[PDB]
Amino acid sequence: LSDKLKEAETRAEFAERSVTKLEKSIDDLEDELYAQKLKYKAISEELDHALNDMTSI
Amino acid sequence: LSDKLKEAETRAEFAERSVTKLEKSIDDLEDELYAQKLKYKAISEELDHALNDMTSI
Amino acid sequence: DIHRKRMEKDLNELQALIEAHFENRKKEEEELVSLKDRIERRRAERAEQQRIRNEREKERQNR
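Chains as they are written, first to last, in my numbering: chain A, 1 to 57; chain P, 1 to 57; chain Y, 1 to 63.
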């Protein structure tokens, strides 16, 4: 039973570390995705102003 | 030791469930970002085409 | 006849084009608002996740 308990402790330590790394990676990927979305919408606003002046021609 | 082993197995199973859920979450976030990034790249290439069309005048 | 047609079409098409761009711009605005709302709720979700991690650390310390 001591061997089994030590095996379980290592298994969960591994799974917990995996949990923390996956959550950090998820947070980072969300940050990247929505920053990129913001950049896309910003260049969209640039196109909006550009078309407005082009109509103003 | 039997009680401790049972507790350890329950927490290890919890952590396994957690890592699985996080893996699905990251896979979904990655797919959403791939689609958005492809959209952005298409927008950029079309903008380059537009720029050459205006320069063609 | 041809010239008058060309002006009529150019004017009415220009108006349609401006309306179409405004429709795209308003849709983009709605997406921007939803983007900010999602930024705040992702912040809240990260707070909830760190609190859940703290609770899990307490559970790990208790045994």
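The beta-carbon is built from N, C-alpha and C at its ideal position, and this holds for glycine as well.
query                                                                                                                                        : result
Could you name the residues of chain Y that residue 7 of chain P contacts, counting a contact when the two beta carbons are closer than 9 Å? : 63
If we define contact as Cβ-Cβ less than 9 Å, is residue 42 of chain A a contact residue for chain P?                                         : no
At what residues does the alpha helix (DSSP H) containing residue 44 of chain P begin and finish?                                            : 2-55
Are any of the Cβ atoms in chain P nearer than 9 Å to that of residue 51 of chain Y?                                                         : no
Residue 29 of chain A and residue 26 of chain P: beta carbons closer than 9 Å?                                                               : yes
Would you call the segment 5-16 of chain A and the segment 1-15 of chain P in contact, with 3 or more CB pairs under 8 Å?                    : yes
Show which residues of chain A have a CB atom less than 9 Å away from the CB atom of residue 45 of chain P.                                  : Residues of chain A passing the Cβ test: none, with the nearest at roughly 13 Å.
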